[PDB]
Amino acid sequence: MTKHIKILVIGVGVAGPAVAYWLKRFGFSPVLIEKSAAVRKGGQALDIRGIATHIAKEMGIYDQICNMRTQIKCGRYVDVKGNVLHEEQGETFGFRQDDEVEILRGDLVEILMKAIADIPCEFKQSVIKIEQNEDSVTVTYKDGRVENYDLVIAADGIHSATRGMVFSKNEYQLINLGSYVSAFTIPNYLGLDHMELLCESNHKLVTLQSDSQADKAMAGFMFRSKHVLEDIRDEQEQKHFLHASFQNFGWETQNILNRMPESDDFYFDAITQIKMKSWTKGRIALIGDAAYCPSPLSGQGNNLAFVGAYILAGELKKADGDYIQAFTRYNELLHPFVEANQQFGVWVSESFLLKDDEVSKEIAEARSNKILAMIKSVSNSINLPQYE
């Protein structure tokens, strides 16, 4: 029966715990593994918008998520001289409305994990080899130990090890949107109070905010550049590149970068999308960022994770565990919605920053209203199946 189907879920992020929840709810018995020692605190702020809110509510975690929501009261577009060009309330500023809500990743994962306390999960575990035939998937762990599963569902992030292990270069594209993103936490030297400031130029923008930690501020950088690092993983090269890339930006960049060396949660990566004709191969399926990351410019990453988790578990349910039928349904039903939200992210990468002109209240406001409407449109551009 479905209960006795062995399913390995790799990655305790959003998609992994999400798909584990729905699989369990739909009569299956999944198990989770995680490379990290434990759930990482805080981190990037995730949007739960569109249909993802409906899924969250059915999961019985929506009120919990709201209890832990970000509490930015005010967002401001400012020029390099610190003048306020355009101001908006927090939710509107983040292009959210209605029941939509923003929550830090770590907080959301903790909530997700509490919702699946009955599901076996093993941290500090890593898969080093995967092999499958028609009957089974053989998983080799770090210590050389081996186990067999009927199915493996990998939710191990945009830099998916599993994707590289299972798929060839012809079976997926890493789509570069010609821009970089960086973020780190610093002392709230400005004394921001549940407020975010955003300053921008023709190719770059810098954000600075404080929210749930009063004596801390989260700095953000987004910019376009065709430059390539000799080693994109080299944190020292990242900080040198970022500093040199913003040396003449003005505004608070000097004050922010002066505090960068002492920040301990530094993050830097290219803005990238994962494009796959098929998210699956035999008994293995990718999900979440590993399968179809829409990049931070889309704001749809979380949305796609929840929807993917719901549909995949659903189609497996309807197929009574027949993964071949389910995986096909998984690819067909979900791709257009993924592609829609990915194209939105691409659009943001190409037209959010003013090409020629300097920002003003009129532009900031019109652009804000336009993005709010458009994101609402794409985030709801799928008709969610009812598996129950």
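Just count from 1 along the sequence shown to find any residue number.
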{"query": "339-347 versus 48-56 - which carries the larger mean C-alpha B factor in the record", "finding": "48-56"}
{"query": "Given 324-332 and 59-67, the range whose Cα B-factors average higher in the PDB entry", "finding": "59-67"}
{"query": "Selection from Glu87, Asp107, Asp289, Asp118 [criterion: highest C-alpha temperature factor in the record]", "finding": "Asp118"}
{"query": "Top residue by Cα temperature factor, when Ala313, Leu304, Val228, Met218 are compared in the entry", "finding": "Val228"}
{"query": "Record-listed C-alpha B factor of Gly94: chain third", "finding": "lowest"}
{"query": "Position of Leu112 among the chain's modelled residues by C-alpha B-factor, lowest, middle or highest third", "finding": "middle"}
{"query": "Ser201 CA temperature factor, ranked by third within the chain", "finding": "highest"}
{"query": "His194, C-alpha B-factor rank within chain (lowest, middle or highest third)", "finding": "lowest"}
{"query": "Relative C-alpha B-factor of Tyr77, binned into the chain's lowest, middle or highest third", "finding": "lowest"}
